[PDB]
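S.K.:
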Ligand SMILES: Nc1ncnc2c1ncn2[C@@H]1O[C@H](COP(=O)(O)OP(=O)(O)O)[C@@H](O)[C@H]1O
Ligand SMILES: Nc1ncnc2c1ncn2[C@@H]1O[C@H](COP(=O)(O)OP(=O)(O)O)[C@@H](O)[C@H]1O
Ligand SMILES: Nc1ncnc2c1ncn2[C@@H]1O[C@H](COP(=O)(O)OP(=O)(O)O)[C@@H](O)[C@H]1O
Ligand SMILES: [Mg+2]
Ligand SMILES: [Mg+2]
Ligand SMILES: [Mg+2]
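Chains as they are written, first to last, in PDB author numbering: chain H, 2 to 151, 158 to 527; chain E, 24 to 63; chain Q, 2 to 549; chain a, 3 to 490, 493 to 550.
(1) Can you have a look at residue 266 of chain H and say buried or exposed, based on whether 16 or more other CB atoms are within 10 angstroms of its CB?
(2) Three Cβ pairs or more, each shorter than 8 Å: is that satisfied between the region 47 to 64 of chain H and the region 372 to 384 of chain H?
(3) When you compare the CB positions of residue 440 of chain a and residue 519 of chain a, do they come within less than 8 Å of one another, or not?
(4) Take the Cβ of residue 280 of chain a as the centre, count every other Cβ of all protein chains shown within 10 Å, and call the residue buried at 16 or more, exposed below.
(5) Taking 7 Å as the cut-off, does the CB of residue 422 of chain a come closer than this to any heavy atom belonging to ligand 3?
(6) I need the boundaries of the alpha helix (DSSP H) containing residue 209 of chain a, first residue and last residue.
(7) Could you tell me whether the Cβ atoms of residue 295 of chain a and residue 244 of chain a are closer together than 8 Å?
(8) Under the three-state reduction of DSSP, which class applies to residue 6 of chain H: helix, strand or coil?
(9) Should residue 154 of chain H be counted as a contact of ligand 1 given a C-beta to heavy atom distance under 7 Å?
(10) May I ask whether a heavy atom of ligand 7 can be found less than 7 Å away from the beta carbon of residue 405 of chain Q?
(11) Assess, as a yes-or-no matter, whether the region 178 to 192 of chain Q is touched by the region 368 to 385 of chain Q under the definition of 3 or more beta carbon pairs within less than 8 Å.
(12) Is residue 226 of chain H helix, strand or coil when you go by DSSP?
(13) Residue 303 of chain a and residue 251 of chain a: beta carbons closer than 8 Å?
(14) Check residue 417 of chain a in the structure and name its three-state DSSP category.
(15) Taking contact to mean at least 3 C-beta pairs separated by less than 8 Å, is the region 161 to 176 of chain a in contact with the region 434 to 448 of chain a?
(16) How would you call residue 123 of chain H, buried or exposed, if buried means at least 16 neighbouring beta carbons within 10 angstroms?
(17) Between which two residues does the alpha helix (DSSP H) carrying residue 297 of chain a extend?
(18) Would you please verify whether the beta carbon of residue 32 of chain E is less than 8 Å from any beta carbon of chain H?
(19) Could you check whether the region 121 to 139 of chain H touches the region 169 to 179 of chain H, counting it as contact only if at least three pairs of C-beta atoms, one from each stretch, sit closer than 8 Å?
(20) Does residue 27 of chain E get closer than 8 Å to chain H when you measure Cβ to Cβ?
(21) Chain Q partners of residue 243 of chain H, CB-CB under 9 Å?
(22) Any beta carbon from chain a within less than 8 Å of residue 50 of chain E's own beta carbon?
(23) How big is the Cα-Cα spacing for residue 459 of chain a and residue 468 of chain a?
(24) What residues from the region 38 to 53 of chain a come within 8 Å of chain H, judged by C-beta to C-beta, listed N to C?
(25) From the DSSP output, read off the bridge partner residues of residue 366 of chain H.
(26) Check whether the Cβ atoms of residue 53 of chain a and residue 70 of chain a lie closer than 8 Å to each other.
(27) Kindly identify the DSSP beta-bridge partner or partners of residue 374 of chain a.
(28) Can you grab the Cα-Cα spacing for the pair residue 105 of chain a / residue 530 of chain a, in whole Å?
(29) Sort H:21, H:216 and H:502 by Cα distance to residue 372 of chain H and report the nearest one.
(30) Closest to residue 380 of chain Q by C-alpha separation, out of Q:216, Q:79 and Q:222, would be which residue?
(31) Does residue 38 of chain E get closer than 8 Å to chain a when you measure Cβ to Cβ?
(32) Measure the beta-carbon distance from residue 542 of chain a to residue 25 of chain a and round it to whole angstroms, keeping in mind my assumption that it falls under 8 Å.
(33) State the Cα-Cα distance for the pair residue 393 of chain a and residue 382 of chain a, rounded to the nearest angstrom.
(34) Whose Cβ in chain H lies nearer than 8 Å to the Cβ of residue 75 of chain Q?
(35) Is there at least one non-hydrogen atom of ligand 3 closer than 7 Å to the beta-carbon of residue 402 of chain Q?
The following block contains the structure:
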């Protein structure tokens, strides 16, 4: 009434998208399938890799489903569900992140023709939630207690689809002794830490019983310190050795010139007092987080005592576990029994970078590897393979289980599910049989990267489950299909358990959402 | 497209994608340009 | 003739001001504006309800079917819609239950009011029709109540309360989600039966920790609080048992500093030589009295200096960082400790008891385990929630809070007062108000009879979201209520309700076997807020907006 | 999809060239984008759609023939279904909705077949071998037009075409009008072969009353206005002579490009008087012949109007050329372009005049039309539609036009098949056992072809807001048991389809739903050629305009 315009009130602020109609939930399916299109060729040891360059011009080459989704910034609400299941699978088990996204996207693709029909949204989720319940119990039948036979086989299969997999005759030997240094109930993720050195060849890497860190700073009295110790004593200290104000405040009031000379001499004596207490204990190596000036470094040079500083907090945490020492935040409490040691100490230069080598300790929980490679991504991909391979043998120590891989898992689980759909329902049988065919995308796509015919393989898989039982799977070398138990290819059950639960939860989340609202 | 903007990743039109034989040919010719410089 | 007078004397107000009145169909447009966001919450109603995705301006995505949570991130324009938005938020705060009912019921009262206004009913007579019908509605709810919770804690009885509430929010598996919430409730209850003490409960006691990875079946209940923390000096499994003595300090551990111009004063070199060793003896003397009391763990509320952390590692005392306030406040309720600011020796009566403190890898990071045991029971237990996606972890946290809020409804009133579920509560009120509309002479019976028609949305929504025809299923349900009551007592026909999928044709027999019920305390405020929400919209004859 | 490919690396093209699976993915999206329209318009439960020209005018069109014609699609593969919907009108005239949905589904399910690495030639052969057995199976399951004693066919033939249209509820009334209209306009050629000249029935647009009160005109109705108002509005009596002339009755210039040069001024007037006198010489022969109605293709000058009023003759001007040809055969008149014969003399013969019972001009809602009824030589028919507005009659005009083409196929070929998803569901069970015999890589191609035909019966239940599974699952129960029904009628199990109103499975013969057999043969062959051409495109090259 205040104007002739009389505008029409809009319920939502301008810029809000629309929804409902027909195809809104279909838009979320095509978004996940398109993301799946990139991760399908990366499946299998013969698979390829994806080159991704971000807005910062940072080159990264990854076939991992978790790393690929971290590089790209996904603004699509439903497509971000594949990112969560990729990071959740990589956090616990570390392997199968590519298979989870491929499986989760296939469950949405098989549910696409069901949404176009009169099938309700909740009726589709009833099929996936019921089939995953019988699928987890089927994995327990696939697994074996394997208390007999006492890391070697599972570490070789984890390196597949990724670099150095052909070098598994070498790097796998270091992955076995890496986690064995970690005692049960601890299994520290930092102590397996690996440093990357640009340059060199990856075949020149070697195993070290302890942590190796970068100096990052050049000391004027560094060369005067011996680089070869026959029986070194490592002393971890949080003290800051140099000439500086002591605690949090600096002020000096001196009335007389005679007392002014004693103030300077007192500062030198207090700094040297902390230096004498270190020499009286016979500590050959001193590590500190806080900076250390050239005054304390030169004092340790005449005594043939090694000095170091600037070391990160994560590296010195590995020192205490390597030599079995302790952290002393003051120099007055240093006692002989708190100092660690090792067999020998030698400083070797690797790729124009000198490191401190800790090795030869009787009991050491620290494992640090030095990797080499031509490209900056080569040294990144190797540790990326080693970090994922250690988590496989890490979970094997808690529970020892073997499940046949190479598509053998999805074919045996889908067999018992087709029988369940035959006995009951017939309303749900269309959904259950679709779930059995949705599990077949993993063995089908994995055989497409090798150039083999998918029709000939899949037709020979279904009819062969009589005499093949649970261990019947695909063989790459002979191009034929044969028992994987004789092929020695092994894999823990924790990979397939979390893969079926993450793919079902991610699929049922989007199928239960028919509307997506984006403000602004 | 169905009539609504489809964007999976930020900076859609900015980033490009190479695949197939054309992706392999561009990588070999990129090394041939560097080789012929070093071979001299 | 070429240009209009363009509303002369419109310069009395700014050009951004607009006037909208009940005349010229704007009251109809306001009701039509409700239906835009009403259908959004209709598909989210019930156990088969569909969750919705809402992206805010910052990029955060919250996937939930709760009407109170969805309307928070949405930007509302129409003024009368904010009346409906703020009405659903009050229901979530007060009772923590029945949020989707207030959104749907208040929206249907305006839909049936469109026919009432078209017939010529004034806004005054329409308000009086809903107020007189609501007073009769609240009186019939107390007459139709069946059963009671009786004892506070039971293993079976908690499955008839929390389970039907969490069935609508992330349905999934039934017994898996019900056992996790029902376990944490039994720990925070003081019990102490036959003592005659006044029961007490806290809705913020139970905390849900979101941890990505794993599966829902791997979740468990922890009697203690779980934080993501890295111990400074060392990690200790504390296998030496005999429990522990723990102390909590809300103040940081460090030399007391003067609040004004803290400065080191050294007159001569004699005072400088003893200044370095002087500060070392201060922390040593203060931390020695704590170690002599047998305190193996110290909870700090701020940053602790390195000089203080040195002597704590000498006696093997753990160090915990508790930032802000509320995180540290709930720690003392677990062990039963009283914080004190000073760094001196704590009082032995104020020391807590925690048997084990463990650090293990759950979601890839080190978490500290405060879990308690059978004896020396603790309060404010936490529930570890494992999931593949973080979006599911957010609504399940609110789904557990809905079950925790249902426990609060067992304290203030005399009992639980279970009502028939599956929509049987709103359906029985239809036949009772219909008889009430005839008993009232005059023109006010038009708004009373249509007030019961608005209750038909509950059976129609549950039937539509279940994939069933509302034309076949709904009239078949009235056949049980059309036979009224026989010549004999003990009539079980009040348990008939709406079924999801399955064999349809009504079904689920009597809901007494299904064990799904509703809370009476929730339905009391759900009808009152929804009625006042629609009454406020109908009581406004003219709406004025600014700037747009 | 995903990120755009690089532009001509080492290829040196001025346009855009994309290769790989991105072409076949965009080709499916081209057919899926145009299908979602045609999908919801299929079946009696389908709903009309409104197209807007942005100029203020709207167009309500149910079938996908005009929808795809109006909607501009610049995608190269998207124009195939646009031309396919325009094609289906040419051969059969009906089925534009089913041919687009089937052809879009054949490509949709084939998108997963190429991911198997199966070559399209194996996919194409699998669809063609299954089609050769499908056409033969349709000829085995057809039913004769005999049925019971009475016809009981042509009435039910029109009711199937009236479905999906707003007049579908009135189909019982319009069933007798379409049958009686086509039987009147039938002709004979090829020494005994009966032909059906579709579009010969005039469709008139009138306002008022209702569609149920539309009267079938026993004869031809010409749409035009009376020349002069002084002419008699109604002509009665038997044997009404009608003259159809294609010659201009207006005064025209002498020859074309010549020039008239006059020397003696006394002849200036006499030469000009002859130019106006020659025109009236042809009118004098018409008046003496007794022609009551004079039909002229072009206009009529005022010189010829005064002679028609005095002689009580009805003149008509601005007649369509195609309209007068149907009047000549119906009334028996011979079309006269000019007055002449083999001899040098010029005269008019009475044999060129037609005969009918009555000629009357009716005026309803600003629409003036001359009703010609009771043609002795050859009967005719006309339908006057009544509706809300002109655009409401635009859909009713095309609704009756599709019904004339369906009845034509049943009279020429008496073989009909039941509707409601009977043919699409019966071909599935027949091709399931046939694919197992061939095997190899063609077993999956035939299996997907039988499942692609399921989109037609499933679309019926989706647009009806009912449960599709219970209707399709019970549908297969009769067809799967029909192949195994085995000889001995007691067979049954066949000719069953979905009833969308009652939600039950009943016999389509008793329900009155039948469809021509030739409509299934031409639809499956035309829908396949659209899918074959798309599956064979590896690379799309788009050259920018200069
Ligand atoms: N040597 C092998 N022989 C057969 N199958 C293998 C072999 N190595 C890996 N696979 C299969 O490849 C699949 C993917 O393995 P991997 O690359 O470790 O996970 P992702 O593809 O998620 O990175 C596994 O499911 C496994 O069955
Ligand atoms: N399995 C079931 N069968 C029948 N009815 C159910 C079922 N689960 C829930 N309901 C009913 O659906 C209603 C949903 O309530 P809702 O509005 O979601 O409460 P809130 O908003 O507090 O979550 C409940 O009142 C309950 O009676
Ligand atoms: N009364 C009916 N009952 C069931 N199905 C029908 C009925 N009428 C038509 N149909 C089905 O609808 C489909 C489309 O029919 P129609 O509308 O005549 O063609 P179009 O959709 O191409 O215009 C046909 O295949 C037929 O099987
Ligand atoms: Mg892997
Ligand atoms: Mg609830
Ligand atoms: Mg038709």
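Each residue gets a CB set at the ideal place from its N, CA and C atoms; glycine is no exception.
M.R.: Answer, in terms of the structure:
(1) exposed
(2) Contact holds: three or more Cβ-Cβ distances are below 8 Å.
(3) no
(4) exposed
(5) yes
(6) In the DSSP assignment, residue 209 of chain a falls outside any alpha helix (DSSP H) and within the unbroken beta strand (DSSP E) covering 204 to 209.
(7) Their beta carbons are under 8 Å apart, which means residue 295 of chain a touches residue 244 of chain a by this criterion.
(8) coil
(9) What the structure lacks is residue 154 of chain H: chain H is numbered 151, then 158, with the residues between left out.
(10) Summarising the ligand content, the structure contains ligand 1, ligand 2, ligand 3, ligand 4, ligand 5 and ligand 6 and does not contain ligand 7.
(11) Because the criterion of three Cβ pairs below 8 Å is met, the region 368 to 385 of chain Q and the region 178 to 192 of chain Q touch.
(12) coil
(13) yes
(14) coil
(15) Judged by Cβ distances under 8 Å, the region 161 to 176 of chain a makes no contact with the region 434 to 448 of chain a, as fewer than three pairs qualify.
(16) With at least 16 other beta carbons inside 10 angstroms of its own, residue 123 of chain H counts as buried.
(17) Unbroken run through residue 297 of chain a is the beta strand (DSSP E), 295 to 298; no alpha helix (DSSP H).
(18) yes
(19) Counting Cβ pairs under 8 Å, fewer than three are found: no touch.
(20) yes
(21) Result: empty, since nearest Cβ-Cβ is about 11 Å, beyond 9 Å.
(22) no
(23) Between residue 459 of chain a and residue 468 of chain a, the alpha-carbon positions lie close to 13 Å from each other.
(24) 38 and 42
(25) H:351
(26) Not in contact: residue 53 of chain a and residue 70 of chain a (Cβ atoms no closer than 8 Å).
(27) Looking at the DSSP assignment, residue 374 of chain a forms a beta bridge with a:222 and a:361.
(28) 8 Å
(29) H:216
(30) Q:222
(31) Yes, because at least one Cβ of chain a sits closer than 8 Å to the Cβ of residue 38 of chain E.
(32) That pair is a contact at about 7 Å.
(33) Roughly 27 Å separates the two Cα atoms.
(34) 13, 524 and 526
(35) no
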